[PDB]
Every structure is written in C-alpha cells, then in structure tokens.
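Listed next as structure tokens is one chain, alone, in the form deposited in one PDB entry.
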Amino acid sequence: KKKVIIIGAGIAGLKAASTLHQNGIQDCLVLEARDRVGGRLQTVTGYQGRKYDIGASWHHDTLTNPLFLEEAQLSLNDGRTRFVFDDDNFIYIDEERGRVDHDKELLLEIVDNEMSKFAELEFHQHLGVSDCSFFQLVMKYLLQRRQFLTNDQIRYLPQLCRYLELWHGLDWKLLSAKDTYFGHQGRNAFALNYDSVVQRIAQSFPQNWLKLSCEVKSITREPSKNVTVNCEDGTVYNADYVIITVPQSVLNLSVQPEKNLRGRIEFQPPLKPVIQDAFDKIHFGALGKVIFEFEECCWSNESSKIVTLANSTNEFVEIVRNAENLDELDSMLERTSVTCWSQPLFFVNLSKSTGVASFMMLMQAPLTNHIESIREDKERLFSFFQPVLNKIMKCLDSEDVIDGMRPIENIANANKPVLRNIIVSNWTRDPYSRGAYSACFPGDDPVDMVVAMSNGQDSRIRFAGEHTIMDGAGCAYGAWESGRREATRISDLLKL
C-alpha cells in the first residue's frame, strides 16, 4: 500500500511529509487524530477576528533556529512581517508593593543575575548527584548569600525569579534546578501566526496524503518487512516505513496496560526496553495559556512583558535570617486555598508588540490543569483573574477592568478597560497532547529519551517530535528538525 505512513500531523509529521515529497517519494500518508493539522501549533480566533497562538508562540534561540532562519529568509524576500522581536524590560508587579522592576533600592534583576550564576556554578563541573527542585536551589542561594542581601531582596527576589516556571510550565518545586537554567541562543521572536508556518509546510505535499480525524490504535512489524498500521475506524495500512510523531506523553501510554486510553498505540513487538526506560528520566510539563481580550487599549504600552509576583511575607525573611542550615530552613517553612496571587503569572501585553488590545497570559502546573478544567466558565475565570488584572491596569496607568463579556455597554468607559472575551487552552485535557511539551523533574536527563527515540524501534518504526532530538528539545523547531531527520533517512533508503 504505502511507502511511508506518518503518524501525527504536528510540525514534525508535516515537515516529514514535506521532506518526503521534496525528495520525490510518493504514496505516503499522514494520519492525524485531531480534525486539524498543526498539533501543538494552534492559532485560535477570538473577539473581532483577533488571532492567537494558544499553542507554541515564539521562535526561541533565534541566532541558530533553522526554522526561524527559513522564516526570516522569506521575510527578507517579500518584506511582510512574520514575527516580531518582543523581548522587553519585564515589568514586575507585587500585589502590595506594585512595580518592583528596575528599582533603585531593590535591584532585583541584579541579584537575580547573581543567583543564575550561582546556579551555573552549583552544577557545572561538580555534579555530585546534585539536582534539586528549582525551589530548593533558590533556598540554597538565599542561605549562602543572606549576609549580602537586603530583607526586601530576600522577600521579593525568590518570587521574581519564579518567572522561570513559565519557561517549562512547572511550579518551582517540580522543576529541575538543573533544567531551570539553560542558555538561550539569542532573542525570542514572537510568531505572527505560527499557523502560517503550519500552512506553509502542510500545503507543500499532496493533500491526498493527509487523512484527518483518524486516531491510530496499533502498529505491528510483521517480521516479513512491512509495518501494519491500524486506524481506529478499522482501516488498516501496509507501510514500508512509519514515522511516529505522537507526543512524548502520548507514547508513554504505550508502556502501560489497559489500552482504552485514547491516543495510545499498541506495539507488537512492544517498544523495546531501551525505549521504555527513558520515560523514567524525562517527563511532561503543563504550560497553559489564557487570552484576555479587551475592546481597546487604555493602558500604558511601556512593555510587552509583565510578570505578577506571588504573595511574599515578612516572616519568610525572618525564617531565612534564622535557619542554621538548609534542613532547618526547609522544615521551618512548614506553615490555604488558591488564588491568582498564589503563583507567578506571565502576561504578554500584545498592544505594544502587535498592536492588539489583548493580554497573553502564561500559567503552569499545578494551576494550569485547574484553570483548564473550568475553561468554559468564563465568569469564574473573570473572578479568579480579576485581582491581578486590576493590579496590572493600575500599575499601567489605567483603572479596574469592566466585565463586558455579554452585551450591554454603558458607553462611559473610554478610559476604563473593558474585557470582551477570555480564551483558555486545553492541552492538559486534550488526550492527544496530555500536557505541554517535554520538561524534566529533578533527576531527569532527556539524553536517554533523545537517543532511544532518535535511533528507532527498528529500521521500519521511526520517531520524530519535540521529545526526540537534542537541539531545540521541546521546541517547535526541534520537532521540525526531527521530522526532516527521519524523512531524509527514509528518502535515501527508498530512493533506489
């Protein structure tokens, strides 16, 4: 039947089909479980046709990102704007204090810088079976350096640096301090429609290759040198090769009993031991998103980066100043319910960088699942997030946010910000994502997963996806790369 069958039509599978096509391979299929292409790339339409990337949103590592360069070379030719560089001076807001960023007395970014360097030291060339929760690492720093920090620095620095949760979508007690501090190949570029990247790659191979709304339920290497793919609807396929691009979290279901779990793939012979073992040394984070769409911007556009700090206390300073050592420090902090001030929140002020009166808010586990479980209660959401939204507005030279999500406009706003809609992501609940992207807990190492994935179940069952490659690991451009990788190798093999 089919020369190559690609499972999943995310950026991996799409690039893999595109490469297959580019090398002259025909009779390939792309089988996608969702009713759209793009996977964790998803541009959503909200109020008055504004568009948002509820999935991946930036090109990272833009000095070296081979996908981004590709995009830049297009913009160099047709002049149009595919991305904007929106790195900015973060505006940091504590509920009580207001703006703590760029402070003459607080100097929070400076000691943040010291803690990052402290972290790079505490790990690189020493090992010692280190690794601890990003939280544990920050406590260590606070112990070693308390003599050289003010009380406010001890209060507010540990909250400010929790902006790092939104890089992985994990709370700092779940984040590997090791993974917390990784370099970045340069500025970030906010994609002005990642769906246009998807569109570009998807229309670059025959559309009759793409079969939509077709979950795959099993894959079997009849040792007679072909691969049986069995879709859920019952259609079965005879494939020379298979490129499986299902998310890491999805593939993980393959190595547990009970196969009803939607998205799982039954492997016969099952995933070989060097594959199953890697799931122990790498996990999945829950970065989530919330879009607040306002009628029009009536707040300062000083910056597109605004992070609200979780509440901090005078007695956290005291406990720090008292502990003899880290065990005493960890133990003393034994001292509820969740609000919007209970964790850091990352707000992209789109009005400055794309001219659209909306905020793009990032959130993390454990908050992400809870907020995603109530994504349709738009009134709950307005209640939960109203406090930080007003603190933002007030620090941004505006006023409290009016709930204008159902009709009846009073006409007297003009300088009051009016919320018209909220969009929420769903990746934790969507059975075909089951989290955000690869992310490690303390004591993980992607290296095992990469190796296992990159070299295949056998020569016929291959793997692509953001979890399957070292450079750009967890990023859309790694996924992309991993695609071109598998397809290039198969292209050379078919091309006889």
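Each residue number is its position in the shown sequence, starting from 1. In this text, rigid core is short for the largest set of C-alphas that superpose within 1.5 Å between two forms.
Just so you know, the form deposited in another entry exists too; it's not on screen, but the next bit is about it.
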Core-superposed comparison between this form and the one not shown: the option from 362, 350, 201, 282 whose CA moves 2 angstroms or more: 282
Per-residue C-alpha change between this form and the one not shown, residue 436, threshold 2 Å, rigid core fit: yes
Direction of C-alpha distance change in that other deposited form, residue 284 to residue 246 (at least 3 Å): farther
